[PDB]
């Protein structure tokens, strides 16, 4: 007997978001942008076991990069058997530098989040038996177990967020704000409330691939075993929207380029400042709660405002970037804000920008 499809409860903007973040075209586009062979590795065929085998192959490469073992070419060839790549049907290249190794780790971390979104969409047994089903976009929203509330122009934080975006975004071609959603991923709540005594909270940008937005909404910002970067194995944020915007992978839809950016509330507590890259970091030094790789510039602190979120004061920058003379010789042009415990961040807002 034919099941009733119930009318969609979602507003137009939210329907478009949910469409975009679970879009099979988007996911395949992302795989093509990462040089993967989508014909050999279709979305439905992606598995946790394959991804795990891919990480094992990179682990062997990393050991080799650091005695009569297999060549980097041999070890590369195994990686490429496990995770099919497309380079117009020429041979893929050997993974023979730290930079390329980390780039392959980052690719697999994105691919793991694509696989998460596919696994999330698997049809449950209850769903095969019920005689009515939600509209597919309601079903997809529900799978996130994440409350999203579209804000309008006159929500209390709206202008504050717009100002953060405009003032710290690129001077030329600032991203154009289309929508803001408030994000409430419950049971981020419990673990976040752990740091309730920890002051020094700031609202910070986190930009990402469109392909990982569903995973983040479902699971929060995460630190994975193979996460890395210029400040080690943590969660990376920026106070300058233009820095985070560099990591936004958007997608052409009609005549525009659509992308998504988060704002997280980050309990930074006692800050350890650095001025040179350190990819080996796994925690702040003792008695520090965060590591800030300080940039040549910082949003003018004299213009900071505050928002009250769950009864706590949260700093929100509102100023254009100004020079910080103490960090004029830093290896970082713009600051990178690092935490090394997932519990120190709560997602607060999601922005659609064109």
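Numbering follows the first chain given and starts at 1.
According to the record, the deposited sequence contains no missing residues between residue 39 and residue 40, so the chain is continuous there. Mean CA B-factor, 291-299 versus 318-326: the higher value falls on 318-326. For the pair 117-125 and 226-234, the mean B factor over Cα atoms is greater in 117-125. Of the candidates 263, 137, 161, 194, the deposited coordinates give 194 the top C-alpha B factor. The entry assigns its greatest Cα B factor, within the set 277, 271, 132, 190, to 190. For residue 32, the recorded CA B-factor ranks within the lowest third of the chain. Only modelled residues enter the ranking. Per the PDB record, residue ranking by Cα B-factor puts residue 207 in the lowest third of the chain. Per the deposited record, the Cα B-factor of residue 142 falls in the middle third when ranked against the other modelled residues of its chain. Split the chain's modelled residues into thirds by C-alpha temperature factor. Residue 79 is in the highest one. In the deposited entry, the Cα temperature factor of residue 106 sits in the middle third of values across the chain's modelled residues.
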